[PDB]
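Trainee: quick one: initial chain(s) of a complex, as found there:
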Amino acid sequence: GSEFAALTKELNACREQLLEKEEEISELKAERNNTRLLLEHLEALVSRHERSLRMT
Amino acid sequence: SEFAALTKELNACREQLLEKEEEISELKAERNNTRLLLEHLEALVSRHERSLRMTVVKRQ
Amino acid sequence: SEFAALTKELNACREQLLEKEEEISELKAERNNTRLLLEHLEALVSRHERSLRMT
């Protein structure tokens, strides 16, 4: 019975670290979306101006 | 068989733990590739802006 | 008749000279608008690059 408790304390500890890892993942995927959005604006800005210089 | 069921869940949780830290590793590596691009983009833009900034002073 | 020919070419030379000055003015205007974009591109890129630094 005392071993079941110790085994539970380890699983719970592993569950805590799992969420800590996923919180790290979630923030990384968030940073990626910020990049994707930046790259969208950059591509739009350069293409718009490239066409202007090319077609005048 | 609660002990057995607990050990299996504990095992599966540790598998997902390695699984999640590998994704962190891949995202961090992917993040570094982004930084290298941004470094390069800032370089090309600043270098060209520099050429324009000097041309106005030179051609004057 | 030679004077008349010389004056016409002189007038035409000034007419084309005005066109070039107008072209230069447009080119320098377009150039300045280009620098504005570049400064904006550098600003956006440098900012997001600062967000993606390690610790």
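Mentor: Happy to help now that I have it. Residues are numbered from 1 along each chain as shown, chains lettered A, B, ... in the order given.

Trainee: ok, residue A:35 - how many residues close by?
Mentor: By the criterion of other C-beta atoms under 10 Å in any protein chain shown, residue A:35 has 19 neighbours. Quick note: C-beta positions are derived from backbone N, CA and C, even for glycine.

Trainee: what about the helix or strand harbouring it, near chain B?
Mentor: For residue A:35, the host element (DSSP states H and E) is helix A:2-54. Yes: if you take C-beta under 8 Å from any C-beta of the partner chain as the test, helix A:2-54 does meet chain B, through A:3-4, A:7-8, A:10-11, A:14-15, A:17-18, A:21-22, A:24-25, A:28-29, A:31-32, A:35, A:42.

Trainee: show me the contacts for residue A:41.
Mentor: residue C:44 (C-beta atoms under 8 Å, 6 or more residues apart in numbering or on different chains).

Trainee: follow-up on the earlier one: filter the residues of helix A:2-54 next to chain B down to the buried ones and hand me the PyMOL line.
Mentor: Of the residues of helix A:2-54 next to chain B, the buried ones go into a single PyMOL selection, burial set by 16 or more other C-beta atoms under 10 Å in any protein chain shown:
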select buried, chain A and resi 7+11+14+18+21+24+25+28+31+35+42
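
Trainee: let's add chain D too:
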Amino acid sequence: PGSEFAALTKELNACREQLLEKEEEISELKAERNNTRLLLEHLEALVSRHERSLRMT
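Mentor: With chain D added, the chains above now look like this:
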């Protein structure tokens, strides 16, 4: 007559010299303009290629 024609010729010649000078500055501006366009071509290619890569990993 000969003095008048010569002086008018000098004026036309002066206009011609300034015309080619203006054309030289134009050709330089247009060259710089081509440099910028090429940069934007590489920038566009880079950001789009990287955008497509982030939409997979």
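
Trainee: the neighbour count of residue A:35 again please, chain D included this time.
Mentor: As a measure of burial, residue A:35 has 22 neighbours, counting by other C-beta under 10 Å.

Trainee: how about it, nearest residue that isn't a chain neighbour?
Mentor: With C-beta to C-beta, 6 or more residues apart in numbering or on different chains as the criterion, residue A:35 has its nearest non-adjacent residue at 5.4 Å, and that residue is residue B:34.

Trainee: now the angle from the helix holding residue A:35 to helix C:2-51?
Mentor: Here the directions of helix A:2-54 and helix C:2-51 differ by 180 degrees (axes from the mean of the first three to the mean of the last three C-alpha atoms, to 10 degrees).

Trainee: centroid residue for chain A?
Mentor: residue A:29 (1.4 Å; C-alpha atoms, centre = their mean).

Trainee: distance check, that one against chain D.
Mentor: Distance of residue A:29 to chain D, given as C-beta to the nearest C-beta, to the nearest Å: 11 Å.

Trainee: do the same with residue A:4
Mentor: With C-beta to the nearest C-beta as the criterion, residue A:4 and chain D are 42 Å apart.

Trainee: residue contacts, that residue?
Mentor: Each residue near residue A:4 by C-beta under 8 Å, 6+ apart is listed here: B:2, B:3, B:6.

Trainee: could you measure from it over to chain C?
Mentor: 40 Å.
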